[PDB]
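Q: Below is one structure. I have some questions about it.
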Amino acid sequence: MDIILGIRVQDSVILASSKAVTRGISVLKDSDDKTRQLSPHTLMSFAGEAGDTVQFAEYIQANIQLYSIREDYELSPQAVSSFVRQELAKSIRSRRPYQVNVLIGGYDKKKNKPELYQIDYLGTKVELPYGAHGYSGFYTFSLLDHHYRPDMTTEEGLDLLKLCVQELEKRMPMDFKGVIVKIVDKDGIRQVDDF
Amino acid sequence: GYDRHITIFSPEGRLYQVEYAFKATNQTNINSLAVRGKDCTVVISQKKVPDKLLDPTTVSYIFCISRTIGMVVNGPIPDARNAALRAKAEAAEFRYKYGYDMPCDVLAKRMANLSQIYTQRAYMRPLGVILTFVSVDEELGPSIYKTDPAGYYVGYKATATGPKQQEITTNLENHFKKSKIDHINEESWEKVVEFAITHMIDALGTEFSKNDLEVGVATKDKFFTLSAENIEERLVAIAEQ
Amino acid sequence: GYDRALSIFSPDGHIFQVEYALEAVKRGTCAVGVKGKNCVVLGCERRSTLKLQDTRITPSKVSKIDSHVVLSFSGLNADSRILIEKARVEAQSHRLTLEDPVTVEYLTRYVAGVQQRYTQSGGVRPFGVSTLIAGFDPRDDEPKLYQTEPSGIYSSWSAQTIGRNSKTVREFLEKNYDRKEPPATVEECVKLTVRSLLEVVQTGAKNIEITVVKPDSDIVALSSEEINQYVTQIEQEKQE
Amino acid sequence: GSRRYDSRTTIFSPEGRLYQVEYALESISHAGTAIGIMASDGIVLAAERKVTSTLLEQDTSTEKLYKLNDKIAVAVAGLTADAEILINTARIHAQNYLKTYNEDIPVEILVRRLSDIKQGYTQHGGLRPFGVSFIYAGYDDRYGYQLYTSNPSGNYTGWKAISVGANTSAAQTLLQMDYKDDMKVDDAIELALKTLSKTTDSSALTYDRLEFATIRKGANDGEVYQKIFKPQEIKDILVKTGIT
Amino acid sequence: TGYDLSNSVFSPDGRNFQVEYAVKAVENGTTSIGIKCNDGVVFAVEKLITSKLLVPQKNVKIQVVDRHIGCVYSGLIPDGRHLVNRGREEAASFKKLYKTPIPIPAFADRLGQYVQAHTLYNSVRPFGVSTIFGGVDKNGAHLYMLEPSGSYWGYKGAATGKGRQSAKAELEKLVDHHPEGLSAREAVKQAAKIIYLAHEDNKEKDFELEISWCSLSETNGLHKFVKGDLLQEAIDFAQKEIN
Amino acid sequence: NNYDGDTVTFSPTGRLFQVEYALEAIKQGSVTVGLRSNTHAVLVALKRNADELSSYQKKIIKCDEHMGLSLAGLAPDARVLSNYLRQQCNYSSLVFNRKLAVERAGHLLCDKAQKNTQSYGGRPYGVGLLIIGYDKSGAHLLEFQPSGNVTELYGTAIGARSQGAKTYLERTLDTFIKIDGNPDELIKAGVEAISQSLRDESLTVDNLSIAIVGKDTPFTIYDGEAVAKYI
Amino acid sequence: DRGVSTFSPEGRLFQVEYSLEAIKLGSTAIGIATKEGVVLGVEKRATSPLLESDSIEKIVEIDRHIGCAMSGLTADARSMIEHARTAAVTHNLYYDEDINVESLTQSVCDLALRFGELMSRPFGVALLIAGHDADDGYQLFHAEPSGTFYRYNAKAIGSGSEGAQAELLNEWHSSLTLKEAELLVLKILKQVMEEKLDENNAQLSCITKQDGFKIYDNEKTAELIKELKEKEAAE
Amino acid sequence: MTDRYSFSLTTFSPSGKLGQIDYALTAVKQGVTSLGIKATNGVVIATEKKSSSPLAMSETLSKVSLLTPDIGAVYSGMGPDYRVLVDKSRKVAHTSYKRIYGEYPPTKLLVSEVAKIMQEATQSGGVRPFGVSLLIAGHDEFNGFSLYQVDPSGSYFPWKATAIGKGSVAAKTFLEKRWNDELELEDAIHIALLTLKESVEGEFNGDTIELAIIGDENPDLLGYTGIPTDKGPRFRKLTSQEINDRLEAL
Amino acid sequence: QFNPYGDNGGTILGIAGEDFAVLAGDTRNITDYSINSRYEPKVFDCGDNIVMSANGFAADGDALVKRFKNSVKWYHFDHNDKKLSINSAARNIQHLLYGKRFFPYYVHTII
């Protein structure tokens, strides 16, 4: 699919993902949720080739849920991101690789810190205060480089995110039909239903 | 008592199937002998054709493994031919892979290793044969190397195999105690064959006709077997002195 | 590969390896399951031959297969881990392909199938394990309790027990459990489960484990003190 | 054919016991005693080498105590060669986990994996089981200091103090008598050596007949240190605790 | 004891009893023979007529391998067919790689090694047949006989089955009385006589005679069955000698 | 005794007991007869029921338009061997455009049965077969034993009490071989042959099974009221 | 020990004969075929009163036109049912039609002798397979672990089989109605069962051309049990 | 065919004994005596060349074998089993170490690999244990000189000095009295020859005794010059003459 | 480069009546501008009152007809000589064709 954004503020991680699904000529859907909850305090958004995106995301979801039941314990965001990176690094030298890029937003309950990981289809992982995939970063990073502070509130993060989406809606040729925004903090995962 | 049926240890640390394979070795009731000259290696073996319906030219326990290596076998002919075919395949493969003729001692080691495997792996039985390999090696000279069902092998100055091996062995021992050298000091292979036949006659106490013996000779770059008429010429020379 | 037929018929039509697997279950610590009107309780015996045990880290007798289904067992402990792992994997596979968690009956049918397979496959022995599988189907408030055994047969039970001295506690349950009126509350169900184990256990101290499963993935294990209060109240009514 | 010679290593007895597992446990009861004691500030591992010689090179010798990673160690009782097969597998499993999740493997997960491998040899394959019992001493940030044991059946359990090998019945009774929950490592060191000194089949307990190890947070600040004791260091702790 | 319950086990003698028991099945079978002549070989076999309902000349026993080798055997007939099937595969692969038809001594070892391989393991049973076979190659005529142990030698004449002792004695007379050799047509006549004489060990039921031959002059070095007038002539010669 | 535990073991007298025990299963089976002339070949089979509520077990199986067999012994083993014959007949037609010779079909059945008598783990087949067919050399009848032995005959019988039918055919040999161009009379001879093996029971309409193949006659099986004409 | 595929001196496979003994220990199952349909009935035989008897599943649907009842080691039947269901559905996929009852039965029986040293032993369960097709009408088959299957007008398997089969010998005729068959199965089950027959320890089912395979409600069977009691008291 | 023995031939008996391993140790006990002694600047391993026949050339049978340039091995028990273990040990030193790290394995790790092979013949399907005990002597940069014993079970132990086979019990007592931590290599060779004389019946000379050392680097045995860091093998087999010279100072 | 396909021309026509059906085809077989045969039958009686033609690449066409005729034979063996109905034959041919989905029979089939 198209635009996926992430920002890590003081006490939470915010992921924004576009709603459009386009089959070449027509926009088949304008309410698509490009995300999967891996564990109560870990969320993964995704974009790439059709079919492979959902197949990969649900495969990861199933594996993390399996780990959670086996050990009666939630893996740290760092541990989940490492597992995901290895799967993609394995995939890139396969017969037919997963063409999928992901952002992993999680709140570490042990360290009481939000964490945002950016991983591309090659298995390239980086931890960032804010990240994106595709052309999204080309439009938004200059705004984030200017306004971002590590001590921002969740509300200030949402406002900076609105400014990013407005710039995307102005200068991007494609109509991505707005974004679904989700917040990951100490209390878990919730969706902002008005954006 | 299934420790006697397959190749596993008995309470005394023995392998009975290996020991019984040594006993099958003497089933043919044939004795063989090998000696070294200056330039050659000679091997002789008794030949017994008990049935008149047999074609005597096909009855043989001496094998031409390669151009340079010969092999005499003590044991039943099926196991003998099994070992022969394998030795021929191993010798040919060696030359293809490493670019030079397989040495006699190296082939002996290889067949000995194969035999060792049969004493350790349960599904394979030992072959009831003793294999005496002979050649004139390009590095070591005249060579005799002998393998058995235990997977043991060693080089020899001279050797004997069969039901009456001890009589032949002692006879050979006594000769080398006199001469104090590791070989038969003779120029021609013909006289080394004559020495071999003479000392077998002395040790067994029996006379031989041309059809009672089988002879193999190894020289530099070839191993060959003698015909009945070649052996007859050898027997005539022995009788004339 | 090792292909030997270990589970075979005898002249009288018995498969002894399967029957001997049941004898391993008979040796295992007692396990009991009781379903109320709106809950299921799983009780387990802990043999007090082992003290100096670290109870924090020692493998617990009741295992979650998913957030809504649990599994307890009697028999070989090592064998039970293999069945638990397979069941957990199948539970996640079901969610992945059907987009709905397993029903209690489906999960039971799977575990029972694995057990049967190990009774007519070459080179393997049967599991020395019987299981009690309990929980609630997704979006359903009807309690579920099933039993499996080494042969692979399975069935549903209003109340059931397995393991050593299970003949005695089944005797108790058969005269104390009324089908027309099952234990209406959590309290009543836990009380009847602790009572049934007290027929067999010894000291009501760290020898009894109790796990309560309610609808909508509400599963909790009772502590020593909470169980100790049931143990206290039962005997004070008995002194009469 | 071949069926004639098959011992059938993975069958139940009429009583529902696994023959080979039971007999492997009988083997382990003749091995040198190994003890593990867990304290609030660390874990102790103590083990007796089997009737040694004066010509054995002790300072380069290892038969009882093995390192699995920087946080987990094991004490061995049984066939040493069998143990090294499993130990190498466990070392690989720990590294596989570290590569996958970028975190050190939790102690129980490593213990469960090795125990499952032991279980497999009792249910399928027609091979003999491993004649080994392990004591696992380890630390992770979830449960802290942990002691486990596993045996040829593949069953494992957690402990505050435990023994394997010879004279476990006598050893366990002595540990059950003197162990307390608020105990410290230095006290646990003394208990372990005193228990071995009383249960040993040898005439006296000396440095050359022992292997010793501690896992302490006695590592400078929030981290864990493994200490495999040297021969001279075992000699000193024997004098300190008043056994020699 | 117990050494005879499993194949490939050496007894304390150094014997393979299972192979010796396979020989008993061979000795129980009908008589078959082979005669080496001046430029070829002749094969003959006794076929017991168990009932009138057997169709005459239909249940053919002698088998051809390639186009120049004949095979006959006594003992378990299916085992013999299995050995000939393998022989046909061996002969085909030899000719595929080397072009020339397989020489008889080469073919002999291929059967020998295969039969010997069935004495190496307890997962297989030894062959319950002794096989007489041969033909003409570039070096002339060859006759072989192969036992359950894998043992084989070249022969001037060969015999196996229930009437082997009788047959052997008859073959030995021919070797002594003909040091110069026997013609192919003479060998067919003699083969008929020897089977008729060997039928005394199976005198209860009557039998059917079956003969084949490979000869350089008479069959161009190809294996052919003796039929019609030449077969009747041999039957007449045989019937005259027994009376 | 000590040598009947598996098929891979000879007895001290050179016998294979597992094969002999498999032969015994045929003797317990119901009687079936085979006979031929120069134009036609006929199978007659006495079918066996479990009880009065049950059906009568089918005995005859078609393999091709020109070939088929009747069974006696383990029925599932006949299904395996007849399936193999169907495949071999089929391979011959598809690859070589050639109807498989009856004699060659016998050779293939022999070799398939032999492999199960020389290897560990397996077991011999527990069924006997009578194969009839019409090919390029006329009518044929074969008898298959699970030892591997296959025999070409004018007539024969296998199963319980088969000796009575076999003696009758041995007497009638000169008569029934001459029944050319008359299918009904050849079947009559076969029905009269199988009657020499009956005791207590007689041939009824759901008891009798007949099959025929010939010069201008595809292999066809007759059951039910189609055999009332011959009762 | 001895091979799993070994023949006895009488020419029977030891393991097959021994599995037949396990089937004799199983709970009773009865089938009756009529021109109006085929009825299948089983004894549930719960081991304890706390066992919820409606979870005992010894009558099973294979397809809409084929049902099945089991007796013996019932756990062994699950893979046989799975195979039967797959074979029925697969044939419909390949041929756009219902599979013949005989053909389905033959496919199940092909699994039977696939054991050796494939599965390690024969199945320890017998099946009554009942159904309807256009060519041969209403049919009932008895599938054994030997690989053999017989067609029956009526058949009983399990512990009370020889007593039940003698009873079926007398009662069956070619003009039976479906209602008459239902009462007949109930009557004979009641005769051979240890415990007293009711709607909770016994189960009925049938297959008709119109409605297909149906397992009877406990309320429906209870009425047929009451109808049976009254007609037996009527003389 | 196919190997249908996929089950263990070594199993635990009711008493906890592994019979086949015990019986393998019995075979080792019947074997000819071999020994090893460690000095401060070297290690010596020695055995008797028990010739089966005087017509046999016993120089063609090597009981003491080079495994790597700095590691040697000797045995007691079944000769053929030893020969194949030497082949496997030489190969595993390359495949599992030298082809990975570009250097020869340290003594303790090569011993570990040989031990693993011997352990597997004790548990794998359709095989018996090896009927040999090995004594492996070697040197490496970080561990110095070392001596190890490997048994049929796969167990291995490091020694200052030891003996295996026929007269091992008496030989080990002899070594306990003579060994100290200040021995030079020549002293250890002298003690080795003294110890070995007690278990030998017949001839005792350079032709009937096989002896090798792990000592100083031998640049004369390297076969090439020009690389300063390559200084030659530490394993050296003593000649018949070299043994006889030390038998006069005996 | 080797081309596994060819074009043998030909035209076929199937018409369904009220109580009958015809399947017609020309008898000419060709490659490029040459005539291979003036009479090469292309419509076949497959048994059970079914006629079939697989037009296009004649090698694939002959292979498919041959395999369907074989399928009719085995349908009789496996299902007690039941007549293969036209609808059942059609579904069966779908599976024969889709079995080579990724290396297709280059033909247009009509029954």
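All residue names refer to the structure tokens as shown: chains lettered A, B, ... in order, residues numbered from 1 in each chain, ligands numbered from 1 in order.
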Output as a Markdown table one row per residue of chain C within 10 Å of chain D: the closest atom pair and its distance in Å to one decimal place, counting only C-alpha atoms, sorted by chain and residue number ascending.

A:
| residue | atom | partner | partner_atom | distance |
| --- | --- | --- | --- | --- |
| C:1 | CA | D:125 | CA | 7.4 |
| C:2 | CA | D:125 | CA | 5.3 |
| C:3 | CA | D:125 | CA | 8.1 |
| C:4 | CA | D:3 | CA | 7.8 |
| C:5 | CA | D:8 | CA | 9.9 |
| C:6 | CA | D:11 | CA | 7.3 |
| C:7 | CA | D:11 | CA | 9.2 |
| C:16 | CA | D:14 | CA | 8.2 |
| C:17 | CA | D:12 | CA | 6.4 |
| C:18 | CA | D:12 | CA | 9.0 |
| C:19 | CA | D:14 | CA | 8.5 |
| C:20 | CA | D:16 | CA | 5.0 |
| C:21 | CA | D:16 | CA | 5.8 |
| C:22 | CA | D:16 | CA | 7.3 |
| C:23 | CA | D:16 | CA | 4.8 |
| C:24 | CA | D:16 | CA | 4.4 |
| C:25 | CA | D:16 | CA | 8.0 |
| C:26 | CA | D:16 | CA | 8.6 |
| C:27 | CA | D:16 | CA | 8.0 |
| C:50 | CA | D:159 | CA | 9.6 |
| C:51 | CA | D:176 | CA | 7.9 |
| C:52 | CA | D:160 | CA | 5.7 |
| C:53 | CA | D:159 | CA | 4.5 |
| C:54 | CA | D:159 | CA | 4.6 |
| C:55 | CA | D:158 | CA | 7.3 |
| C:56 | CA | D:143 | CA | 8.2 |
| C:57 | CA | D:158 | CA | 5.7 |
| C:58 | CA | D:158 | CA | 4.5 |
| C:59 | CA | D:157 | CA | 6.7 |
| C:60 | CA | D:157 | CA | 9.9 |
| C:75 | CA | D:16 | CA | 9.5 |
| C:76 | CA | D:155 | CA | 8.2 |
| C:77 | CA | D:155 | CA | 6.0 |
| C:78 | CA | D:155 | CA | 4.9 |
| C:79 | CA | D:119 | CA | 7.1 |
| C:80 | CA | D:155 | CA | 9.9 |
| C:81 | CA | D:116 | CA | 7.9 |
| C:82 | CA | D:116 | CA | 7.8 |
| C:118 | CA | D:123 | CA | 9.4 |
| C:122 | CA | D:124 | CA | 8.9 |
| C:123 | CA | D:124 | CA | 5.7 |
| C:124 | CA | D:124 | CA | 4.4 |
| C:125 | CA | D:123 | CA | 5.4 |
| C:126 | CA | D:123 | CA | 7.6 |
| C:127 | CA | D:123 | CA | 8.0 |
| C:128 | CA | D:16 | CA | 7.9 |

Q: When you look at residue H:213 with a cut-off of 9 Å (counting only C-alpha atoms), what residues show up, excluding the ones that are within fewer than 3 positions of it in the same chain? I need them as an mmCIF file with N, CA, C and O atoms, in the first residue's frame.

A:
data_model
loop_
_atom_site.group_PDB
_atom_site.id
_atom_site.type_symbol
_atom_site.label_atom_id
_atom_site.label_comp_id
_atom_site.auth_asym_id
_atom_site.auth_seq_id
_atom_site.Cartn_x
_atom_site.Cartn_y
_atom_site.Cartn_z
ATOM 1 N N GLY H 42 57.888 -31.243 27.070
ATOM 2 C CA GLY H 42 57.445 -32.245 26.099
ATOM 3 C C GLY H 42 56.547 -33.345 26.641
ATOM 4 O O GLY H 42 56.274 -33.405 27.837
ATOM 5 N N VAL H 43 56.080 -34.206 25.736
ATOM 6 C CA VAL H 43 55.287 -35.393 26.087
ATOM 7 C C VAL H 43 55.808 -36.595 25.303
ATOM 8 O O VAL H 43 56.206 -36.455 24.147
ATOM 9 N N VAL H 44 55.791 -37.768 25.931
ATOM 10 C CA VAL H 44 56.209 -39.014 25.282
ATOM 11 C C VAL H 44 55.070 -40.036 25.325
ATOM 12 O O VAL H 44 54.406 -40.188 26.349
ATOM 13 N N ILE H 45 54.847 -40.715 24.200
ATOM 14 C CA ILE H 45 53.912 -41.846 24.125
ATOM 15 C C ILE H 45 54.637 -43.063 23.557
ATOM 16 O O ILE H 45 55.429 -42.939 22.619
ATOM 17 N N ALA H 46 54.368 -44.234 24.130
ATOM 18 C CA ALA H 46 55.099 -45.450 23.779
ATOM 19 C C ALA H 46 54.229 -46.706 23.846
ATOM 20 O O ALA H 46 53.240 -46.755 24.580
ATOM 21 N N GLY H 72 49.846 -36.393 18.438
ATOM 22 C CA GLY H 72 50.033 -37.813 18.130
ATOM 23 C C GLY H 72 49.114 -38.693 18.960
ATOM 24 O O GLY H 72 48.552 -38.242 19.960
ATOM 25 N N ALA H 137 48.597 -37.331 22.800
ATOM 26 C CA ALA H 137 49.536 -36.324 23.289
ATOM 27 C C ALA H 137 49.631 -35.187 22.280
ATOM 28 O O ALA H 137 49.578 -35.421 21.071
ATOM 29 N N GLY H 138 49.779 -33.959 22.771
ATOM 30 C CA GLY H 138 49.881 -32.806 21.883
ATOM 31 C C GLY H 138 50.350 -31.517 22.525
ATOM 32 O O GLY H 138 50.490 -31.429 23.748
ATOM 33 N N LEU H 185 62.286 -33.649 29.138
ATOM 34 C CA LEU H 185 61.810 -34.644 28.166
ATOM 35 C C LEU H 185 62.645 -35.927 28.154
ATOM 36 O O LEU H 185 62.090 -37.023 28.070
ATOM 37 N N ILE H 189 61.418 -39.843 28.761
ATOM 38 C CA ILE H 189 61.710 -40.941 27.834
ATOM 39 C C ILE H 189 62.370 -42.099 28.586
ATOM 40 O O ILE H 189 62.026 -43.261 28.370
ATOM 41 N N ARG H 234 55.984 -30.488 15.928
ATOM 42 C CA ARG H 234 56.469 -30.855 17.261
ATOM 43 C C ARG H 234 56.382 -32.366 17.495
ATOM 44 O O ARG H 234 57.059 -32.895 18.377
ATOM 45 N N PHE H 235 55.548 -33.050 16.711
ATOM 46 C CA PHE H 235 55.483 -34.512 16.733
ATOM 47 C C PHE H 235 56.709 -35.089 16.031
ATOM 48 O O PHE H 235 57.028 -34.690 14.911
ATOM 49 N N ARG H 236 57.394 -36.018 16.694
ATOM 50 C CA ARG H 236 58.488 -36.761 16.066
ATOM 51 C C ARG H 236 58.536 -38.200 16.570
ATOM 52 O O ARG H 236 58.547 -38.450 17.775
ATOM 53 N N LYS H 237 58.564 -39.136 15.626
ATOM 54 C CA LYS H 237 58.692 -40.556 15.922
ATOM 55 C C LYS H 237 60.181 -40.872 16.037
ATOM 56 O O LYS H 237 60.952 -40.556 15.128
ATOM 57 N N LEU H 238 60.592 -41.471 17.155
ATOM 58 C CA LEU H 238 61.994 -41.846 17.343
ATOM 59 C C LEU H 238 62.342 -43.041 16.457
ATOM 60 O O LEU H 238 61.515 -43.933 16.254
#

Q: Which residues are close to residue A:168, i.e. within 8 Å by only C-alpha atoms, leaving aside same-chain residues fewer than 3 positions away? Reply as a ChimeraX atom specification.

A: /A:136,139-140,164-165,171-172

Q: Restricting the calculation to only C-alpha atoms: of C:70, C:15, C:8, C:39, which residue gets closest to chain A?

A: C:70

Q: Please report, as CSV, each residue of chain G lying at most 12 Å from chain I, together with the nearest pair of atoms and the separation in Å rounded to one decimal; use only C-alpha atoms, and order rows by chain and ascending residue number.

A:
residue,atom,partner,partner_atom,distance
G:90,CA,I:92,CA,11.5
G:91,CA,I:92,CA,9.8
G:92,CA,I:88,CA,9.1
G:93,CA,I:91,CA,7.8
G:94,CA,I:92,CA,5.4
G:95,CA,I:88,CA,4.5
G:96,CA,I:88,CA,5.4
G:97,CA,I:88,CA,6.9
G:98,CA,I:88,CA,10.3
G:99,CA,I:79,CA,8.4
G:100,CA,I:79,CA,7.0
G:101,CA,I:79,CA,9.7
G:102,CA,I:79,CA,8.0
G:103,CA,I:79,CA,6.0
G:104,CA,I:79,CA,9.5
G:105,CA,I:79,CA,11.2
G:106,CA,I:78,CA,9.1
G:107,CA,I:78,CA,9.7
G:133,CA,I:82,CA,11.5
G:134,CA,I:82,CA,10.5
G:135,CA,I:82,CA,8.0
G:136,CA,I:80,CA,10.4

Q: Output the selection as a compact mmCIF listing (two decimals), in the first residue's frame - N, CA, C and O atoms for each residue.

A:
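Contents of again-v4.txt, freshly written:
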# COMPACT_ATOMS: atom_id res chain seq x y z
N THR G 90 -14.32 -35.66 -2.89
CA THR G 90 -13.39 -35.64 -4.02
C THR G 90 -14.03 -36.18 -5.31
O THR G 90 -13.82 -35.62 -6.39
N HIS G 91 -14.80 -37.25 -5.19
CA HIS G 91 -15.48 -37.84 -6.34
C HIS G 91 -16.52 -36.87 -6.91
O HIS G 91 -16.68 -36.77 -8.13
N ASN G 92 -17.24 -36.17 -6.03
CA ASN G 92 -18.18 -35.14 -6.46
C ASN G 92 -17.48 -33.98 -7.17
O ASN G 92 -18.03 -33.41 -8.12
N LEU G 93 -16.27 -33.65 -6.72
CA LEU G 93 -15.46 -32.62 -7.36
C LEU G 93 -15.03 -33.08 -8.76
O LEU G 93 -15.13 -32.31 -9.71
N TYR G 94 -14.57 -34.32 -8.86
CA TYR G 94 -14.08 -34.87 -10.14
C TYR G 94 -15.19 -35.21 -11.14
O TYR G 94 -14.96 -35.13 -12.35
N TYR G 95 -16.37 -35.60 -10.65
CA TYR G 95 -17.43 -36.15 -11.52
C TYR G 95 -18.81 -35.47 -11.44
O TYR G 95 -19.74 -35.90 -12.12
N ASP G 96 -18.95 -34.43 -10.62
CA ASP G 96 -20.22 -33.68 -10.52
C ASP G 96 -21.42 -34.61 -10.28
O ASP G 96 -22.43 -34.53 -10.97
N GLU G 97 -21.28 -35.49 -9.29
CA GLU G 97 -22.32 -36.47 -8.97
C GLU G 97 -22.08 -37.08 -7.59
O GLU G 97 -21.03 -36.88 -6.99
N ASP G 98 -23.06 -37.83 -7.10
CA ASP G 98 -22.90 -38.60 -5.87
C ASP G 98 -22.09 -39.86 -6.16
O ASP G 98 -22.19 -40.44 -7.25
N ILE G 99 -21.31 -40.30 -5.18
CA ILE G 99 -20.51 -41.52 -5.33
C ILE G 99 -21.40 -42.70 -4.94
O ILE G 99 -22.25 -42.57 -4.06
N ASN G 100 -21.20 -43.84 -5.61
CA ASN G 100 -21.94 -45.05 -5.26
C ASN G 100 -21.54 -45.55 -3.88
O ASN G 100 -20.37 -45.47 -3.50
N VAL G 101 -22.52 -46.08 -3.15
CA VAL G 101 -22.30 -46.55 -1.78
C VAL G 101 -21.22 -47.64 -1.76
O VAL G 101 -20.35 -47.64 -0.89
N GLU G 102 -21.29 -48.55 -2.72
CA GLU G 102 -20.31 -49.64 -2.84
C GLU G 102 -18.90 -49.09 -3.07
O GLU G 102 -17.93 -49.57 -2.47
N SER G 103 -18.78 -48.10 -3.96
CA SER G 103 -17.49 -47.49 -4.29
C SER G 103 -16.86 -46.79 -3.10
O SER G 103 -15.65 -46.86 -2.90
N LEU G 104 -17.69 -46.10 -2.31
CA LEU G 104 -17.25 -45.48 -1.07
C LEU G 104 -16.74 -46.54 -0.09
O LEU G 104 -15.69 -46.37 0.53
N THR G 105 -17.50 -47.62 0.05
CA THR G 105 -17.13 -48.72 0.95
C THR G 105 -15.81 -49.36 0.53
O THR G 105 -14.96 -49.65 1.38
N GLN G 106 -15.64 -49.57 -0.77
CA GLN G 106 -14.41 -50.16 -1.32
C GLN G 106 -13.19 -49.28 -1.04
O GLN G 106 -12.10 -49.79 -0.76
N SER G 107 -13.37 -47.96 -1.13
CA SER G 107 -12.30 -47.00 -0.85
C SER G 107 -11.85 -47.05 0.61
O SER G 107 -10.66 -46.96 0.90
N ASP G 133 -28.12 -44.82 -3.62
CA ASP G 133 -27.78 -44.25 -4.93
C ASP G 133 -28.80 -44.71 -5.98
O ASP G 133 -29.57 -45.64 -5.73
N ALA G 134 -28.80 -44.04 -7.13
CA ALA G 134 -29.82 -44.28 -8.16
C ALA G 134 -29.73 -45.67 -8.81
O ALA G 134 -30.75 -46.20 -9.25
N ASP G 135 -28.53 -46.25 -8.84
CA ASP G 135 -28.31 -47.50 -9.57
C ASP G 135 -28.74 -48.74 -8.78
O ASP G 135 -29.35 -49.65 -9.36
N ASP G 136 -28.43 -48.78 -7.49
CA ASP G 136 -28.68 -49.96 -6.65
C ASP G 136 -29.60 -49.70 -5.45
O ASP G 136 -29.79 -50.59 -4.62

Q: Residues of chain B near chain H: apply a cut-off of 7 Å, count only C-alpha atoms, and supply the list as number ranges by chain.

A: B: 8-14, 113, 116, 120-123, 151-152, 154-159, 173

Q: Interatomic distance between atom CA of residue G:212 and atom CA of residue G:38?

A: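 Separation of atom CA of residue G:212 and atom CA of residue G:38: 10.4 Å.
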
Q: As a PyMOL selection string, please: the residues near residue D:165 (cut-off 6 Å, only C-alpha atoms, same-chain neighbours under 6 positions excluded).

A: chain D and resi 28-29+31-33+77

Q: If we count only C-alpha atoms, what is near residue I:45 at a cut-off of 12 Å, once residues fewer than 2 positions away on the same chain are taken out, given as JSON, numbers by chain?

A: {"I": [22, 23, 24, 41, 42, 43, 47, 48, 49, 50, 51, 52, 53, 65, 66, 68, 69, 72, 111]}

Q: Based on DSSP run over this structure's backbone, return all residues of stretch 45-204 of chain E in strand (DSSP E or B), as a ChimeraX atom specification.

A: /E:45-48,54,63-65,69-75,124,129-137,140-146,152-155,157-160

Q: I need the residues of stretch 54-163 of chain E that end up classed as alpha helix (DSSP H) by DSSP on the backbone, written out as an MDAnalysis selection string.

A: chainID E and resid 77:98 104:117
